[PDB]
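Two forms of the same protein chain are encoded below as structure tokens; each is given separately, as structure 1 and structure 2.
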Structure 1
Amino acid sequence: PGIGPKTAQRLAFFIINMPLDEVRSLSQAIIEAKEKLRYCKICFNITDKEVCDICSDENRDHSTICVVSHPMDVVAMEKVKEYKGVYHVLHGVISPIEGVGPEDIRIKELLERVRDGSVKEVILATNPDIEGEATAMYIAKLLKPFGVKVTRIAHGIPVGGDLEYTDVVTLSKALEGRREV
């Protein structure tokens, strides 16, 4: 079980409630996963190829990057179809409380992506909670010295909800409502 402590506990709870046939399916799924899935060379989203079909799609706006904590959040933003840009998946947020610093989440590679002056906007779409907002805060500040417009998906997402389980209606609105700095 090469798996983290709090996650093992969750699988245990899940597994005990699930029928035999699904347990088998999970165990097959896990193997399939291990060999089909990859991190994208470019956005670090979960995909099945070296480059995700969003990044490999030269019909998209590569000059606008949407930064999300997780792959699911790519999924949520892709239910608008109003967004034509590309993404960056952080794979976490900055959380002192869990010993996850900026060096442990994909911040350096976002930075490397702004080197070639090719990036025009970076939209920050982490959660409206404290770790979400603070991660946003840091990134804004890290990219300031460079030539890049940085915006923050507006309020429209409630107290502490998830960018990821938010309905296409309110997301669209918050993406349109982007504040600068």
Structure 2
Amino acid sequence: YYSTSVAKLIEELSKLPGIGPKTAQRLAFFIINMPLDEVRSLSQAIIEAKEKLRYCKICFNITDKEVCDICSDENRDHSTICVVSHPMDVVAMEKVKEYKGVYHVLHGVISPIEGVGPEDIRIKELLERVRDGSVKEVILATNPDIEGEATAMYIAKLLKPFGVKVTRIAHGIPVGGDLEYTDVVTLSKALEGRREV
């Protein structure tokens, strides 16, 4: 057992996802063993990141400015909007180092259990961007779980009346996977979505 001020660190660190007890203890001692200025850096980086967070006025992504870097990039293709559930999906998609389009961040999915409706996530503003803008394609890239799929599907009906091309990211068997260890639901999509040549 540890002094209170250390128990307090350990407890605060253990609240973070993927940080168990032993891992928290370790980190606490490492931290309180770092030079005071290094621990000041950590501590301030934490507080400042939270304080400085803003949501882009165009796509709602996490940013520092009024309009995020991506939206203000002009040789980036504003006629294609990749719709995503969360800020960190934008990073995942952005790391695919193809894709010159822009983004729309919903901040969630439709979810009757969580009690989240379409009016509780950034859907209407997606509509408005498509209504008021010159949009060639909306790529629905929510997750392929039930709610990500319900959400992409809700959005798709909505955008129908506009004459936009709306696509959904390919479900299937992941690269490097094997048929044996693939759930039956994915096999089904892999088969059903098979493609020529």
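Only residues modelled in both forms are compared. Rigid core here is just the name for the largest C-alpha set that superposes within 1.5 Å across the two forms. Numbering runs along the sequence of structure 1, starting at 1.
Relative to the superposed rigid core, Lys34 undergoes a CA displacement of at least 2 Å between structures 1 and 2. The Cα position of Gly156 changes by 3.7 Å between structures 1 and 2 once both are aligned on the rigid core. Core-superposed comparison between structures 1 and 2: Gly147 shows a Cα shift of 1.4 Å. Taking the core as reference, the C-alpha deviation of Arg24 between structures 1 and 2 is 7.6 Å. Taking residues common to both forms and aligning the rigid core, Cα displacements of 2 Å or more over three or more consecutive positions between structures 1 and 2 occur in 1-31, 33-35, 156-181.
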